[PDB]
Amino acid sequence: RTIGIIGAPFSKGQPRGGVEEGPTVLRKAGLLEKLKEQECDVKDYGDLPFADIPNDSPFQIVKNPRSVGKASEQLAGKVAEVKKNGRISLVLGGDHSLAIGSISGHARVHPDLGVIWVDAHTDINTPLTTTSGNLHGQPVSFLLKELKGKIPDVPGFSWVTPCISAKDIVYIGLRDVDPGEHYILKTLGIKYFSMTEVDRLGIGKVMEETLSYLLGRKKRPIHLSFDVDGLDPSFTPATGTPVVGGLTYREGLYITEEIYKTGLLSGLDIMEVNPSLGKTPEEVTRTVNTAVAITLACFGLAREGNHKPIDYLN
């Protein structure tokens, strides 16, 4: 596939610092090269230069609203640019708050997009329902059209325009959802597969249902927002808010291998990789390595193998 890489070293969506190093470590793991090593046409748009906003006091409980809203605004423009270039945007990021800009920018060029959100969390708290005030746990609330009237005017998000309906998104991996978030899930009728459903159906049926649900009516561009804490912390420990009982490495690759095969992936986010939270240098590489494997699968790397259009035996 044709890829448009976007580095988003941002962390203000949550407390822990180290997430802005995600692009750095992921690139240094040889992600660009390894992608090119496949049948991929890769163009790096570099790391977005997120200007420092020293003056950014809390909006009620919401922390760093201006810094977050600005970073997402910038990322949205860069993402829309890449799509206009006919490339799949690959956002190497910091915290998941960036999803607001990523999905917004993508929807400008492809308003008919469907979203698959792999995460241990729903990140659908509103500025009013959140108890942490961390914006990486509210991105989805800003994008949903149905919640357009329940979201206050938070400094930094004047540019935001809800671009998706509760029916154009599917969650996979949920295992830590706030009461307010669960209320929204049930109220808006959002389709989700928490770890309970994965256990019940198996990752195979979960993906069949997911794609069927999003592509049943008609084929449409797919945006995959992958939070690394969606996978079990035995695989991606270096992350801000880990939760045990997560998706396995295998299930992670299965999800992505399936998305790739649809031939409809046009947007991807690899989020929450925080190198500073690895208790050992090995937990860091284990997290980065896993994050790269997930990425490579999104672009064709298959476990059963891959081969060029030629006669290898001749």
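Residues carry their position along the shown sequence, with the first being 1.
*Asks:* Quick one: higher average CA temperature factor, 240 to 248 or 141 to 149?
*Replies:* Comparing 141 to 149 with 240 to 248, the higher mean C-alpha B-factor belongs to 141 to 149.
*Asks:* Quick check on the record: does 210 to 218 or 110 to 118 carry the larger mean Cα temperature factor?
*Replies:* Result of the comparison: 210 to 218.
*Asks:* From 53, 273, 264, 68, pick the one with the largest CA B-factor in the entry?
*Replies:* When the deposited C-alpha B-factors of 53, 273, 264, 68 are compared, 53 is largest.
*Asks:* Taking the values straight from the PDB record, which of 126, 72, 165, 134 has the highest C-alpha temperature factor?
*Replies:* Reading the PDB entry, the winner on C-alpha B-factor is 165.
*Asks:* Comparing against every modelled residue in the chain, figure out the third that the C-alpha B-factor of residue 101 lands in (lowest, middle or highest).
*Replies:* Lowest third - that is where residue 101 ends up once the chain's C-alpha B-factors are sorted.
*Asks:* Going by the CA temperature factor in the PDB record, which third of the chain does residue 11 belong to: lowest, middle or highest?
*Replies:* Answer is middle: the recorded C-alpha B-factor places it there.
*Asks:* Residue 182's Cα B-factor: lowest, middle or highest third of the chain?
*Replies:* It falls in the bottom third of the chain.
*Asks:* Where does residue 194 sit by CA temperature factor within its chain: lowest, middle or highest third?
*Replies:* For residue 194, whose C-alpha B-factor we compare with every modelled residue in the chain, the answer is the lowest third.
*Asks:* Would you mind checking where the Cα B-factor of residue 64 ranks among the modelled residues of its chain, as the lowest, middle or highest third?
*Replies:* Middle third by C-alpha B-factor.
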